[PDB]
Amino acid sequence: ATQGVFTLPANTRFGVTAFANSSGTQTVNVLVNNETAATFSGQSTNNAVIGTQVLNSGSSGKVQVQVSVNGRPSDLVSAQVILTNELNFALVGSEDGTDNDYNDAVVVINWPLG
């Protein structure tokens, strides 16, 4: 199935934050309405916060996360969780190799803000 694609409420500020757990340098691209809105990169095996940014979901609400390592797309897993019918997390894991720990880049999207 498609992974890493989320429909947010339109015109809504959200946080996006990326963590790295790999010997490979991660590149995380965050697209809003199919256009790149943020890019994060780093290399850590100890959960470095390689980027964090506040974005706006825009008129479409479409947010997509993509991860690559040296130009090779990683395999993605994702889900969205809502707590007490108000607090939203969109979650992404990614695998750049063969051990299938799916933490090589981890991306957390959260809203509402403020």
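The first residue of the shown sequence is 1; numbering continues from there.
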Stretch with the greater mean C-alpha B-factor as recorded in the entry, comparing 78-86 against 63-71: 63-71
Greater mean Cα temperature factor according to the PDB record, 28-36 or 43-51: 28-36
Among the candidates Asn21, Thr98, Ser94, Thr17, give the one with the maximum CA B-factor reported in the record. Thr98
Chain thirds by Cα B factor, record data; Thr7 belongs to the highest
